[PDB]
Amino acid sequence: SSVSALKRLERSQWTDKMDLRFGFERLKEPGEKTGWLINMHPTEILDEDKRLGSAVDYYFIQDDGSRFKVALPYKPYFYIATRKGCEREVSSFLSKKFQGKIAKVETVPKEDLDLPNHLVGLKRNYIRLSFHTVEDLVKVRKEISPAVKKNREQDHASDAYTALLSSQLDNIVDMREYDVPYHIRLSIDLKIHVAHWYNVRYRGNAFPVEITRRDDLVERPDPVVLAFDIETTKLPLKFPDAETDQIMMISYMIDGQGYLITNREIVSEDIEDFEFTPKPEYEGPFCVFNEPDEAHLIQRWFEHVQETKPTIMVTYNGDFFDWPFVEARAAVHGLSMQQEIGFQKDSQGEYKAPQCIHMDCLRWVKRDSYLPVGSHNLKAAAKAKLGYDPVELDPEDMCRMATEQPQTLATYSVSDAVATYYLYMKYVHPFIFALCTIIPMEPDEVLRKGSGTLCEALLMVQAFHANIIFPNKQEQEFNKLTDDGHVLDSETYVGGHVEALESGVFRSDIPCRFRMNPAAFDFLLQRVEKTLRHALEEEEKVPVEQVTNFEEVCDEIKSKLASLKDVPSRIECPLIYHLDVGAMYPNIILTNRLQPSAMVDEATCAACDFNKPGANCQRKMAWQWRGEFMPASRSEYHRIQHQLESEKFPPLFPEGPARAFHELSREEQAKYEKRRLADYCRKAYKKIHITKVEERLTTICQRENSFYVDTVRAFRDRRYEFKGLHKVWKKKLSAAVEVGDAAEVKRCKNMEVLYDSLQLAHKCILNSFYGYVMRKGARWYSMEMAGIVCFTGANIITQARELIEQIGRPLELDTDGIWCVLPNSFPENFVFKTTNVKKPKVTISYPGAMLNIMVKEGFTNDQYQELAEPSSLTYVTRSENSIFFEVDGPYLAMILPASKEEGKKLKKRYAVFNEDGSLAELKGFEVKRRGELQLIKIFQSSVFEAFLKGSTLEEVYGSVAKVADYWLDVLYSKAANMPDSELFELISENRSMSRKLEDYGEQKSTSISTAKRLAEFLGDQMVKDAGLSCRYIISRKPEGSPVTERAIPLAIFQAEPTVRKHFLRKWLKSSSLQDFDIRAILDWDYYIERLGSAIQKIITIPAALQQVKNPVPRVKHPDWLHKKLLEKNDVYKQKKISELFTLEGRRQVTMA
Amino acid sequence: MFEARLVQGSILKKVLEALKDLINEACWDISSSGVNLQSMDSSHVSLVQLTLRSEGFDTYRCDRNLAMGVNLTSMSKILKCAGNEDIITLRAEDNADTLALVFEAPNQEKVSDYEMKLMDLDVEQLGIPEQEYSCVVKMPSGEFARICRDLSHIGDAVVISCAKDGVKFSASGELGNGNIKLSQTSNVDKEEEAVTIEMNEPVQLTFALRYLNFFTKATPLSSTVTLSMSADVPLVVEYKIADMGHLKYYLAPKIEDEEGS
Amino acid sequence: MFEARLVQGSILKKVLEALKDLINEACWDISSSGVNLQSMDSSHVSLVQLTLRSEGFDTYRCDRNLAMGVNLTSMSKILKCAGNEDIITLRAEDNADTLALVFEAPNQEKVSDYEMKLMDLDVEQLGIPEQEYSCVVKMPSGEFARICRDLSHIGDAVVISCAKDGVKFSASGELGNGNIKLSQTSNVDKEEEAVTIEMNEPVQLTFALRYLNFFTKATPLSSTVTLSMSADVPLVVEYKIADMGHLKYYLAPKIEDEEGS
Amino acid sequence: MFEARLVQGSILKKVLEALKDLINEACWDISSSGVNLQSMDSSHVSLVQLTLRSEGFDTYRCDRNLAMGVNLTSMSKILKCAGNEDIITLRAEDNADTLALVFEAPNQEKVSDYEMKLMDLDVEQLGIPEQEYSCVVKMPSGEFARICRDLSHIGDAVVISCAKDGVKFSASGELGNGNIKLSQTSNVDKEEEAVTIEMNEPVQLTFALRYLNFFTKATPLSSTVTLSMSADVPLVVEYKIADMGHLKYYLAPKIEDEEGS
DNA sequence: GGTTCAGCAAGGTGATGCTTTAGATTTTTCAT
DNA sequence: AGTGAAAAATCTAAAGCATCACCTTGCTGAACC
Ligand code: SF4
Ligand SMILES: [Mg+2]
Ligand SMILES: [Mg+2]
C-alpha cells in the first residue's frame, strides 16, 4: 500500500503548497499567536517519526489580515462494547490482527443513556479503538460491518434466549461511531468551535499544538469575502452547455470593492468604471477589467484571487450552473481549477475548496430565511430581506444585448453581484456564524446540511459535555411483532392534524360576521383585571405595584369589551391573527420534563426498585398510536417459518451454488415472507392490511440524565438573554445616532448586528427542534415522544379553537398555529406609559394575555422545581407556564382553498398576505413545485395578486372574476390572438425520466410512452444519451384510449416537415386526415379540465361556501356542492323532533 | 326467563330487515301487554313503534316489565339464517343480557339455536299524543312501496295532498316533477284493489323522500298499508300484521319559517 | 308532442335501461314516419339509429317534425317507474312548451304525469351510405349474445369472416385462441334457433370485442339479430322484430394499413 | 393422439367454476387410467384431487401416460361458454403442441371449436396418504351451502362435531355463538334430501370457514356431498359426481395454542 | 267421483350496480 | 435558479355484496269424462 500512501502524501503537500502561495503560511515558528477561526478541513499531515497519520488544519484570520494555518495531529475515534469480563483478549486479538494498523486501544467506564436501575450507579463500559488514518478506518469498517450485522443477529438470538431463561471475533456485542465524520468527531471531543477567537502555543516541533479560547473579545473581524457571478453565452431556447459556450462576463465583490472582468471577443466595446447605488446603505464602487479572450479572463480571475486571497467565496446556486461551467472552461483552455485555486467537485456534487469556504445563499433561502416556498429565487429574497428590486433582464435577449450595448448588461451583472454580496453580509453572514458559534461544523457543511443534523450536532456537543455514548442511526426493523401477535407494515404517530374549517377571502377592510356568545364575555369581564395583571407580572416579569397607569387602560378595556356585549350578531372589519407560540413544542418538552431517553413501559418500570406511588417518579401522558398491520396470527408465523425451512429456493446471485437458510440476508427473505403471507391471507382471513388506531399512556421517568432538557432550557433562556442584550444595544444605537460619535456608533452598530444575528440563529434552532423530532430514523428519535408532542399540541390548540370560536370566526386549524380573525372592536394592542427608567413604554398584547391565561388556567402542573443552591438544600415550589401564544400582528389578507369531494379536509394549504402587500407566507399550493404546468403559474400569480382589491366580498370576487375570465377567455378562444411561438412553451408539460425504458419492465405509463415515442423519433442513439427530461403534450383525436398512452413530445415538431407529416400520420392512426397545424390535436378538454379543477379548488367552491353567487358561472359546481347549496338557500327546511314532540323521560339500565 | 313463539317466522324477518337501513339502535320493551318498540332515529327525525300482543304468539308468557337495547346493524344478519317457513322462538334471561333464538324447521330436519350478548345504552322516549289523524287512506303496500321507491330518482322530497280528487303525491326535484294520483275505485268487493279515502279537510303537507326510501322497506308484512295525515303533524303509517300486532311509524314533516318579518 | 298510445310500454323502458351507456345525450326526432333516433356516441365511433314507426303505435299526434333534445340517461332513471305491463295514454296539445309523459296502471286506477322542461341542443345529421351488402346473416340473439359475452374476455381483437359453409368469429388472446363457426339451417322452420345466411362472396374483417357486448347490448327488445356485412364497409348490427322493434349499430373497422411496421 | 366424448356438458363446465379459486396452476395427467390432478393450493394448506375414470366417458381412447401443465383459470375462462346441455368432445395429437375441443349441439347447428396452447411447468407429484375415515356423513349439498353461507356471517372458526346423534356445526365470534344440529333421517327412504351416518367414535375439531366456503362452492356437482373425518387427518370432502369420477378436498385443521386456552 | 291441465306462488339463479380492498404512480418533504 | 430518496396522497383494477328480473317447480282449483 506504498503507492496509495505516497499518493495521499502528494495530495497533502499539494494542498499545503496550494495554501502557502494563497496566504495561509503555516505555524512553523515557536511562539504564541492570536487568531479567529475561519475554516475546518481534514488533511494528511505526517509527523517527524514518518509514521502514517492523519491530522487536521485550522485556518486563523487576523484583524489586520496576517492570516495563518495551524495543522495539528489527531487520530479518529471508534467505540466497541463487548461481552462482560472478557474485553482484554478481544483487544489483544484486535491489536495482533493488524501489526500497526490500529493506533491505540483503551477502555474507560462511561454511562448509558437508557440503562435501567441507574440510581444505584450502574456502569456499562466500551473500549476505544483508534486508527492512525481515516482510510484505514473505512477499510476496517468495510471489513467488519457485515460480520457485525450477522453477529448482531447472533447477539439478538442470545438476548432472546436470555429472555426465555428469564421467562473468537464473536465476543463483540455492539459498536458505535461509524457515521460521525472526522472533523465533526474532532470538534465533539476537543470542543474547538468555528467563529471564536483563539490563541495558539507551539514551541519546538516535537510538541503538539496548544489552543485556548479567548472569549472576552466579543468583537469579530470582517473576513475578506468575495462574492462572484458568471454569465455564459447560449444558443436560444436551450439550457447552456459547458463544452462549446463560454463566459462573456464575470462580476465579483471583495469587502466592499467591486470588479467586473469582460471578454472583448464577443462584447463589441470596452466598459468604463461606473457607480451603482440603489440605496444609501448599499455602496456600489466598481472597476472594470477587459480581456481579449476567455483564457486571459479566467487567468486574470485566477491571479486576482491569488493576490487578494479571499477566505470566503459567495455564490447563488453555485453548485449547479457555476462551478461545472467554469471548471469546464478551464479544462478546455488547458487549465484546471484544482491547480490554481483548488476548487474541485466532491462526492456529493458540491464544491468545497480546502481553504476557501464556497458558500451558497440559495440553500439558506430554501432553509432558514422563512420566505414562502416557490419563491426562493434571488430577486424574491432581495426584495423580501434587502428591501429593493434587482434589475431584471431576459436571458433569451441577453445575447443580443451582449453586442448592442454592454453598459446595461454590465449593470445587470454587477447588480446580481451586489445583491448576492449584500444579501450575504447584511443578513446571512453573521447569521451563519452565529449558528456556527453553537454548531461544531465548518461553514460550508453547516450551510449545506439539513435541519435534523444541525439539531444532531448541538445534541452531540451537549452529549459529550455530559459524557454519554451516541446512539446509532435508527434503522428499519423487519417484521416487528405487535403484542397482540401480528406482524406490522406501517407504524405511525399522530397523523398531522390539519383542517381548513372555512374557506374565503379575508382582510382588514372586508366586513365579516361575528356570532358572539356572551357567556365567554361574562367570563372575560370578571377575568380581565387579573389577566392583565398576570400578563404584566410574567411576560414583563415586573410587579404590578411598579406601574401607576392601570386604571385608564382598564377603563378603556371595560369600555371596548362592554361595547362588545351589546349585540351577539355583528358585522365589521376583522384583524387577522396567528394564535400560537412560534413552536409551542419546545415548551411542551420543557413544562412536561420530556426527553426521548426516559420513557418506558410498565414492565421494566416495575423492574426498577425505586417505584413509589404518589410521587414524581411515575407520571403518565397521553397520545394516540396508529398501526397498519397483517391480520394473520402469531402461531401461524412460526408455522410458515417452519414450512419455509429446509427447501430449495432460487439464489439471487447468478449461477450460484445451493444456498441454505443461514446465510440469507434479511431483506430478500423479508420480501419472500411478505409475499407468502400476502398469498396466505388473500384466501383465508379476507384481509391483509388492518389499520388499528388506539390511545396510549406512557410513563415518563425522572431525569436519569437531563441532557435533552437542560439543552433546551439553557438555549431558550440564552435566546432571551441575547434578545435583551440586542434590545439594550438597539436603544444605545437609537441614542447614538443623535449623539454624533462616528467610530462609537459604528462599533455599536456592529455589536447590535452581532446580537441580532445570535437572536435570529437561536430562534431558528428553537424552531428546528420540532422539525428534528418529527422524522423517523434520527439518532435521538423516540416514537412516543413525537406522538406525545403532536397530540398535546393538538389538544392545546383545539382548546384554543374551542374558546376562540365564540369571539369571532376562526378559520384554519394547523400543526403550527390557529390562523383566525378577530373583530377590530376587540382591543388589539396596548401601550403603557410606565414610570420605570429602564422602560418608558411597555407594549402588551390583549389576545396574547387571553391566550396566556388560557394556557395557564387550562394546564396547571406541579412537577416544576428549581435547584438554586445545593449547599442550603432549598427547594422553592412554583409552576412554569411559559406557553407564550404570540399574536404576530394584524395581517392584510388571508386566502383559503377548498377540496374536490364532499367533506374532506385540506392538507396545509393557505396564503397569508402581510400589510404592505408582500406575500407573508404561502403553503401547500401549486406554485411550490417548479414542475407541473406553467399554464397554471401565471393564473395563480394573477389571482393571488388580485385579492387586495375592493371593499366588499362582491368587489373582491368581481376582480377575481375579471382575472379568471381573462385567463379562461384566453383558453376558451384556443389562444388565437397572440403569436404561437411562446404558446408551445406555455402549454407543454415537462416530466423527468429517471430510469431507462427497460428498468420498469412490462409496466407502461405516460413517461414510458413518451420515451418510446422519442426512441421512435431518431433511434437507439438518442436512447444511449437519454438523460434529457421529456416535454410533451396530450393528443386528442384518438378518443377512448387512456391518457397514459396519449402523450406526444415536441421534438417531432422541430424535425423537417415531410417526416413530421408522415410520422404524425403514423402516430395519430388516421391516414385520411388533411390538416397538420397545431389546432385540433391538442386535447383542449384535458387542459380546460385542469384549469377548471384549479379554478374550482381555489375560487368558486370557497365562493359557494361564502354565500355568494358563482364568480365564474361558466364553470359548474360539483354535484355534491350543487345539491347542498340548492338545499341550503331554500327557506323550506327540515324540522327536528325534540320540538314537535315533547320529552317524556331519561333512563339507563343501571347496575345492581 | 322470557319466551316468545312465532310459527309464521317470516314476519319477524320482514320487520327486522326494515329497521337496519335507517335505525342503528332501538330499545325493545317487554311487558304483560306484549312487546313494544318505541324508539327514535339516531339522526333524530323519525320514530318507530312496534306493538305486538299475545293473540298471535302461540307460546308466550311475561310477568315483568323490562327493556333490552338491541343493536339493529347486527341483529339483521343472524335472523335470515332461517328460511321463509321456519318457526322462531325467542328466549331471554332475567339477569343476563344474552338473547337466545331458536330456528326450527317445519319438517323436523334442521334445528338451530343462537345466543347473542347485548349491551346497555341510553336513549330517549317520545310518547305519542292522541289526535284526529284524518285524511286516512288505505292503499296496497306493494303499490305504495313501488311508487315510493320510484319517485326517489326524480326528487328528494314529496308534497302529499289529500283532497276530494284523490291523493296527490308530487315529488319535487331538479330534473322534473313526478306526481301520482289515486282513484277512488270503491266499487270493488275485494279490499285489496279498493282504496278507502276519508277526510275532514284537504290537507297539504310535505315530507322527506330520502327518508321515505328507508321508511318503505317494510313491504311484504301486510297486504294493505294504512297511512294518515293532518296539518302540522307527523305522518302516521300502520302496517297491520293482523295475526298479533302492528307497526306504527311516525315521520316528522318539513314546514315553513312561519311569517317572515 | 307524440303522446302516443301504447298497448304495452315495456319497450321504451328497456331500451332506456340498455342504452344508458351508449349515448350520453340524444335528441328524440318525431315526424310523420314515427320516431327516428340517430345519435353518435361519446367515443365518436358509431352512429346508432332507432326507427319506431307511427303505424306500429296505436296513434300519432304531432303538429310537425318535432325534435326534443332530452338528456337520454336523465329520463332513464324515471322511465322505469312504469311497469312492463304499464301503458302510455293519448293526449292532445299544440303549444306545449314542457313535455309530459303519462303513466297508467293496468288496473286503470293509477295515473301519473312526469314532466320535463323543453331544453334543446342542435346535433348535426350524418348521411348513411346504403347499398346491397354481400353477406347478411340471421341468428337468434340469445346464444350470439351469450358467446359474445363469453369470448370478449379472452381476447380483444376478432377476425370476423363470412363464407358459404359457416361464418366464423376468431379471437386470439394471452390465454389462447378461440373461434366460433355457424352452419346453415335448411330443414328448420322454427324461429328460435334458425341461422339463415345469404351469401355472396367470403369476407374478412377485424374488430374489437369490448365495444360489441357492452356498449351495444340491448338484446331483449328483439329475439333475432341480423348482421349485414360486405367488403370494406363497417358492421350493420340489427335487432329486428315486426313493427315493434328495429335498432342498428355501425361499428367501424379500426384497422390501420400496416403503418405500424 | 387423444380423444374424449361427453354426452353432457354440465359437469365439465362446473368443475372449472368449482376449482378456479383454490388452484391457479395445475398439472393434468391424461392416461389409460383416465384424468388425474393432485394439487396444492397457493398457500399450501389444502389439497385437491380431481379424478376421472376412463369408463365414465363415452369413448376414451388415448396413447400413454402424459403429464401436461397449463393453468386452470384460463381453462375456466375459455370453457365456461358451454351450457348444461351442450355435448363435449376433445381431441389431441402428440406431434401437435395444442389441444382442440368442440362444443357441439344435438341439432348440429350450434358448434364451436377451441384450440388451447400448452404452457409447460411441472409441479412435484406428491403421494396422497390413504387411510381410514372414522366418521362419514353423507348429506345434501344445498343444505351444506346454506349452512356454510349461514355460518360465514357470524364467525370465522367453525368447530365441527361428529357424534352418535348426528353432526353439529358451531360458530364462535364477537356477534354470538351459533349451534346447528343435524340428526339421522331413518324414516326417510328417499336419499336426495336425507342424510346418512357412518359412526365409529365421536370427533370434533376447528376449521376455517373461508376454506369451507371454498370447498362448498362446488355445490352444483352432486345432490349429496360426503364429508368425512378421522384422527388428525385433513378433513376430506367427497363429491361423488357419477360413475365418471371424484373431486376430493383435503383440509388441515388449525392448531390452537394451549396457552390462554 | 277420479282425472288433469292450467294458474299461480315461490325458491334458485344469472346478471348488475354500488362498495370496498389492493397494488402501482406521483407528490410532498427531508436531506443535501 | 440544483440534486436524490422515502412517506403519503392519488389513481386504477379486481373482488364482495345487496338487489332485480327471469327460469323452473310444487301446490292447488275448476272443467272434463
Ligand atoms: S419510572 Fe420506573 S424505571 Fe424509571 S426510575 Fe422510576 S421506578 Fe425506575
Ligand atoms: Mg449565478
Ligand atoms: Mg446568474
# chains A, B, ... in the order shown; residues from 1 in each chain; ligands from 1
$ closest_atom_pairs --of "chain C" --to "chain B" --cutoff "9 Å" --atoms "only C-alpha atoms" --output "Markdown table"
| residue | atom | partner | partner_atom | distance |
| --- | --- | --- | --- | --- |
| C:74 | CA | B:175 | CA | 7.7 |
| C:75 | CA | B:175 | CA | 8.5 |
| C:77 | CA | B:153 | CA | 6.2 |
| C:78 | CA | B:154 | CA | 6.3 |
| C:80 | CA | B:150 | CA | 7.7 |
| C:81 | CA | B:150 | CA | 5.2 |
| C:82 | CA | B:150 | CA | 8.8 |
| C:107 | CA | B:193 | CA | 8.7 |
| C:108 | CA | B:183 | CA | 8.7 |
| C:109 | CA | B:183 | CA | 5.2 |
| C:110 | CA | B:182 | CA | 5.4 |
| C:111 | CA | B:181 | CA | 5.5 |
| C:112 | CA | B:180 | CA | 4.7 |
| C:113 | CA | B:179 | CA | 5.7 |
| C:114 | CA | B:178 | CA | 4.6 |
| C:115 | CA | B:176 | CA | 5.4 |
| C:116 | CA | B:176 | CA | 5.0 |
| C:117 | CA | B:176 | CA | 7.3 |
$ write_last_selection --atoms "N, CA, C and O atoms" --output "PDB file, in the first residue's frame"
ATOM      1  N   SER C  74     -80.975  10.910 -18.271  1.00  0.00           N
ATOM      2  CA  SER C  74     -81.664  11.578 -17.170  1.00  0.00           C
ATOM      3  C   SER C  74     -83.079  11.039 -17.006  1.00  0.00           C
ATOM      4  O   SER C  74     -83.525  10.770 -15.884  1.00  0.00           O
ATOM      5  N   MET C  75     -83.799  10.868 -18.112  1.00  0.00           N
ATOM      6  CA  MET C  75     -85.152  10.340 -18.075  1.00  0.00           C
ATOM      7  C   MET C  75     -85.185   8.820 -18.093  1.00  0.00           C
ATOM      8  O   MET C  75     -86.270   8.236 -18.038  1.00  0.00           O
ATOM      9  N   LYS C  77     -83.706   7.170 -15.608  1.00  0.00           N
ATOM     10  CA  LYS C  77     -83.907   6.918 -14.189  1.00  0.00           C
ATOM     11  C   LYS C  77     -85.361   7.068 -13.765  1.00  0.00           C
ATOM     12  O   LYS C  77     -85.723   6.604 -12.677  1.00  0.00           O
ATOM     13  N   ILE C  78     -86.194   7.699 -14.586  1.00  0.00           N
ATOM     14  CA  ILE C  78     -87.596   7.902 -14.255  1.00  0.00           C
ATOM     15  C   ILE C  78     -88.534   7.066 -15.115  1.00  0.00           C
ATOM     16  O   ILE C  78     -89.702   6.894 -14.733  1.00  0.00           O
ATOM     17  N   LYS C  80     -88.397   3.854 -15.729  1.00  0.00           N
ATOM     18  CA  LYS C  80     -88.675   2.542 -15.162  1.00  0.00           C
ATOM     19  C   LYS C  80     -89.669   2.603 -14.007  1.00  0.00           C
ATOM     20  O   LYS C  80     -89.917   1.574 -13.368  1.00  0.00           O
ATOM     21  N   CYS C  81     -90.232   3.784 -13.728  1.00  0.00           N
ATOM     22  CA  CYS C  81     -91.384   3.880 -12.838  1.00  0.00           C
ATOM     23  C   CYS C  81     -92.565   3.081 -13.374  1.00  0.00           C
ATOM     24  O   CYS C  81     -93.278   2.424 -12.609  1.00  0.00           O
ATOM     25  N   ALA C  82     -92.791   3.138 -14.683  1.00  0.00           N
ATOM     26  CA  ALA C  82     -93.832   2.333 -15.300  1.00  0.00           C
ATOM     27  C   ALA C  82     -93.432   0.864 -15.305  1.00  0.00           C
ATOM     28  O   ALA C  82     -92.248   0.527 -15.379  1.00  0.00           O
ATOM     29  N   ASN C 107    -104.602  -1.738 -14.082  1.00  0.00           N
ATOM     30  CA  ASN C 107    -105.922  -1.792 -13.469  1.00  0.00           C
ATOM     31  C   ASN C 107    -106.694  -0.481 -13.587  1.00  0.00           C
ATOM     32  O   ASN C 107    -107.818  -0.399 -13.079  1.00  0.00           O
ATOM     33  N   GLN C 108    -106.103   0.532 -14.232  1.00  0.00           N
ATOM     34  CA  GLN C 108    -106.764   1.796 -14.583  1.00  0.00           C
ATOM     35  C   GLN C 108    -107.272   2.551 -13.356  1.00  0.00           C
ATOM     36  O   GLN C 108    -108.331   3.181 -13.389  1.00  0.00           O
ATOM     37  N   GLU C 109    -106.514   2.493 -12.261  1.00  0.00           N
ATOM     38  CA  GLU C 109    -106.818   3.291 -11.084  1.00  0.00           C
ATOM     39  C   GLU C 109    -105.700   4.245 -10.696  1.00  0.00           C
ATOM     40  O   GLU C 109    -105.912   5.093  -9.822  1.00  0.00           O
ATOM     41  N   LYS C 110    -104.524   4.134 -11.310  1.00  0.00           N
ATOM     42  CA  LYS C 110    -103.388   4.995 -11.004  1.00  0.00           C
ATOM     43  C   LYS C 110    -102.980   5.735 -12.266  1.00  0.00           C
ATOM     44  O   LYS C 110    -102.669   5.105 -13.282  1.00  0.00           O
ATOM     45  N   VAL C 111    -102.976   7.061 -12.203  1.00  0.00           N
ATOM     46  CA  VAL C 111    -102.489   7.893 -13.294  1.00  0.00           C
ATOM     47  C   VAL C 111    -101.362   8.765 -12.762  1.00  0.00           C
ATOM     48  O   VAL C 111    -101.342   9.147 -11.587  1.00  0.00           O
ATOM     49  N   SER C 112    -100.395   9.048 -13.632  1.00  0.00           N
ATOM     50  CA  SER C 112     -99.218   9.806 -13.235  1.00  0.00           C
ATOM     51  C   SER C 112     -98.752  10.671 -14.394  1.00  0.00           C
ATOM     52  O   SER C 112     -98.843  10.267 -15.554  1.00  0.00           O
ATOM     53  N   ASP C 113     -98.246  11.856 -14.071  1.00  0.00           N
ATOM     54  CA  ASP C 113     -97.638  12.746 -15.048  1.00  0.00           C
ATOM     55  C   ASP C 113     -96.189  12.987 -14.656  1.00  0.00           C
ATOM     56  O   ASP C 113     -95.904  13.345 -13.509  1.00  0.00           O
ATOM     57  N   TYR C 114     -95.277  12.782 -15.601  1.00  0.00           N
ATOM     58  CA  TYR C 114     -93.853  13.006 -15.380  1.00  0.00           C
ATOM     59  C   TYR C 114     -93.407  14.047 -16.395  1.00  0.00           C
ATOM     60  O   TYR C 114     -93.395  13.776 -17.600  1.00  0.00           O
ATOM     61  N   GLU C 115     -93.061  15.240 -15.925  1.00  0.00           N
ATOM     62  CA  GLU C 115     -92.827  16.357 -16.826  1.00  0.00           C
ATOM     63  C   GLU C 115     -91.337  16.651 -16.972  1.00  0.00           C
ATOM     64  O   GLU C 115     -90.496  16.179 -16.202  1.00  0.00           O
ATOM     65  N   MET C 116     -91.025  17.449 -17.992  1.00  0.00           N
ATOM     66  CA  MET C 116     -89.651  17.779 -18.355  1.00  0.00           C
ATOM     67  C   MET C 116     -89.689  19.055 -19.179  1.00  0.00           C
ATOM     68  O   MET C 116     -90.339  19.088 -20.231  1.00  0.00           O
ATOM     69  N   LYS C 117     -89.012  20.098 -18.703  1.00  0.00           N
ATOM     70  CA  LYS C 117     -88.993  21.370 -19.413  1.00  0.00           C
ATOM     71  C   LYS C 117     -88.226  21.246 -20.726  1.00  0.00           C
ATOM     72  O   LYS C 117     -87.315  20.425 -20.866  1.00  0.00           O
TER      73      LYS C 117
END
$ residues_near_ligand --ligand "ligand 3" --cutoff "9 Å" --atoms "only C-alpha atoms (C1' of nucleotides) and all ligand atoms" --output "number ranges by chain"
A: 229-232, 316-317, 321-322, 413, 416-417; F: 1
$ select_by_dssp --residues "range 19-70 of chain B" --states "strand (DSSP E or B)" --output "PyMOL selection string"
chain B and resi 25+28-31+34-40+47-52+60-61+66-68
$ write_last_selection --atoms "C-alpha atoms" --output "PDB file, in the first residue's frame"
ATOM      1  CA  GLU B  25     -80.058   1.199  17.857  1.00  0.00           C
ATOM      2  CA  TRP B  28     -87.130  -3.303  22.844  1.00  0.00           C
ATOM      3  CA  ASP B  29     -89.576  -3.060  25.754  1.00  0.00           C
ATOM      4  CA  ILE B  30     -91.434  -6.095  27.108  1.00  0.00           C
ATOM      5  CA  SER B  31     -94.404  -6.169  29.480  1.00  0.00           C
ATOM      6  CA  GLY B  34     -96.861  -7.653  24.945  1.00  0.00           C
ATOM      7  CA  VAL B  35     -93.789  -6.334  23.166  1.00  0.00           C
ATOM      8  CA  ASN B  36     -93.321  -2.698  22.176  1.00  0.00           C
ATOM      9  CA  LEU B  37     -90.599  -0.842  20.308  1.00  0.00           C
ATOM     10  CA  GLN B  38     -90.819   2.928  20.869  1.00  0.00           C
ATOM     11  CA  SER B  39     -87.575   4.346  19.514  1.00  0.00           C
ATOM     12  CA  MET B  40     -86.290   7.413  17.681  1.00  0.00           C
ATOM     13  CA  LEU B  47     -89.506   7.163  15.006  1.00  0.00           C
ATOM     14  CA  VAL B  48     -90.600   3.520  15.229  1.00  0.00           C
ATOM     15  CA  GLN B  49     -93.419   1.976  17.252  1.00  0.00           C
ATOM     16  CA  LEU B  50     -93.807  -1.797  17.103  1.00  0.00           C
ATOM     17  CA  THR B  51     -96.725  -3.178  19.113  1.00  0.00           C
ATOM     18  CA  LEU B  52     -97.262  -6.952  19.156  1.00  0.00           C
ATOM     19  CA  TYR B  60     -95.891 -16.684  25.256  1.00  0.00           C
ATOM     20  CA  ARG B  61     -95.583 -15.586  28.872  1.00  0.00           C
ATOM     21  CA  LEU B  66     -88.122  -4.717  31.284  1.00  0.00           C
ATOM     22  CA  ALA B  67     -86.102  -3.470  28.324  1.00  0.00           C
ATOM     23  CA  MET B  68     -83.200  -4.624  26.159  1.00  0.00           C
TER      24      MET B  68
END
$ residues_near_ligand --ligand "ligand 1" --cutoff "7 Å" --atoms "only C-alpha atoms (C1' of nucleotides) and all ligand atoms" --output "ChimeraX atom specification"
/A:116-117,604-611,617-618,699-702
$ write_last_selection --atoms "C-alpha atoms" --output "compact mmCIF listing (two decimals), in the first residue's frame"
# COMPACT_ATOMS: atom_id res chain seq x y z
CA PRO A 116 -32.32 0.68 33.82
CA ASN A 117 -31.69 0.79 37.58
CA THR A 604 -39.12 -2.51 33.15
CA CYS A 605 -40.54 0.29 35.31
CA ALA A 606 -41.66 -2.34 37.82
CA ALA A 607 -38.25 -3.98 37.36
CA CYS A 608 -36.71 -0.79 38.78
CA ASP A 609 -36.79 -0.98 42.57
CA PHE A 610 -37.39 2.73 43.26
CA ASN A 611 -41.03 2.93 42.15
CA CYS A 617 -41.09 9.23 39.71
CA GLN A 618 -44.24 7.92 37.99
CA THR A 699 -44.86 6.72 31.90
CA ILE A 700 -42.01 9.23 31.87
CA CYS A 701 -39.32 8.59 34.48
CA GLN A 702 -37.31 11.22 36.30
$ residues_around --residues "residue 23 in chain F" --least-positions-apart "6" --cutoff "10 Å" --atoms "only C-alpha atoms (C1' of nucleotides)" --output "list in words"
residues 12, 13 and 14 of chain E
$ interface_residues --of "chain A" --to "chain D" --cutoff "10 Å" --atoms "only C-alpha atoms" --output "ChimeraX atom specification"
/A:634-636,639-640,643,676-686
$ write_last_selection --atoms "C-alpha atoms" --output "mmCIF file, in the first residue's frame"
data_model
loop_
_atom_site.group_PDB
_atom_site.id
_atom_site.type_symbol
_atom_site.label_atom_id
_atom_site.label_comp_id
_atom_site.auth_asym_id
_atom_site.auth_seq_id
_atom_site.Cartn_x
_atom_site.Cartn_y
_atom_site.Cartn_z
ATOM 1 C CA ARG A 634 -48.606 -15.262 15.665
ATOM 2 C CA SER A 635 -48.602 -19.077 15.817
ATOM 3 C CA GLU A 636 -49.138 -19.206 12.050
ATOM 4 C CA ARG A 639 -45.862 -22.379 11.241
ATOM 5 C CA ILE A 640 -44.892 -20.653 7.980
ATOM 6 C CA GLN A 643 -42.645 -24.549 6.410
ATOM 7 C CA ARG A 676 -46.036 -15.713 1.402
ATOM 8 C CA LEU A 677 -48.297 -14.002 3.944
ATOM 9 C CA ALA A 678 -49.931 -11.861 1.246
ATOM 10 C CA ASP A 679 -50.776 -15.097 -0.558
ATOM 11 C CA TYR A 680 -51.889 -16.796 2.671
ATOM 12 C CA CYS A 681 -54.331 -14.065 3.722
ATOM 13 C CA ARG A 682 -55.668 -13.278 0.277
ATOM 14 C CA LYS A 683 -57.546 -16.552 0.803
ATOM 15 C CA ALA A 684 -58.221 -17.360 4.473
ATOM 16 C CA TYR A 685 -58.592 -14.154 6.517
ATOM 17 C CA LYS A 686 -60.311 -11.816 3.955
#
$ interface_residues --of "chain A" --to "chain E" --cutoff "9 Å" --atoms "only C-alpha atoms (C1' of nucleotides)" --output "JSON, numbers by chain"
{"A": [348, 448, 449, 450, 451, 452, 453, 687, 688, 689, 775, 924, 1005]}
$ residues_around --residues "residue 763 in chain A" --least-positions-apart "3" --cutoff "10 Å" --atoms "only C-alpha atoms (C1' of nucleotides)" --output "PyMOL selection string"
chain A and resi 582-583+715-716+719-720+723+757-760+766-768
$ write_last_selection --atoms "C-alpha atoms" --output "compact mmCIF listing (two decimals), in the first residue's frame"
# COMPACT_ATOMS: atom_id res chain seq x y z
CA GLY A 582 -43.60 30.08 17.44
CA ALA A 583 -43.01 26.37 18.16
CA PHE A 715 -30.78 27.57 24.88
CA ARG A 716 -34.17 29.24 25.46
CA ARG A 719 -32.04 33.23 23.43
CA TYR A 720 -33.96 35.59 25.71
CA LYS A 723 -32.76 39.31 22.83
CA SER A 757 -27.78 37.54 14.39
CA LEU A 758 -27.32 35.50 17.57
CA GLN A 759 -31.00 36.10 18.39
CA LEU A 760 -32.09 35.07 14.88
CA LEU A 766 -35.64 26.71 18.60
CA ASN A 767 -37.90 26.25 15.57
CA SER A 768 -35.59 23.43 14.36
